[PDB]
């Protein structure tokens, strides 16, 4: 399973990377801090799931997620943020999950297990 973490704060990307490695089953985990890196990354790799903050500095994460769902085979979108006002929008753009910070390995596992469906 390959995952992509998109957050502006590199510490947050590290915390999430740790938990994913603790859970296991991830052959590859890449990160991105903006829309350019994110889209660049998506273009050259098939990701099963992406963890995305609600906003990347000034870029809008929700809108980015929305555009990502128009892909042929979009990866699952999980919002991981400290903001709790965009859950309704996340549901509207068919997001797989919306996780509020701070979160633990159990809650991330729930989401990851949610996307394990084929």
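Residue numbers count along the first chain shown, from 1.
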* Asked: Which third of the chain holds residue 79 when residues are ordered by C-alpha B factor: lowest, middle or highest?
  -> lowest
* Asked: Based on the entry's values, in what third of the chain does the Cα temperature factor of residue 22 lie: lowest, middle or highest?
  -> middle
* To do: Taking the chain's C-alpha temperature factors as the reference, tell me which third residue 109 falls into: lowest, middle or highest.
  => middle
* Structure fact -> residue 11: C-alpha B-factor third of its chain, per the entry, is the highest
* Asked: In terms of the CA temperature factor given in the entry, to which third of its chain does residue 90 belong: lowest, middle or highest?
  -> lowest
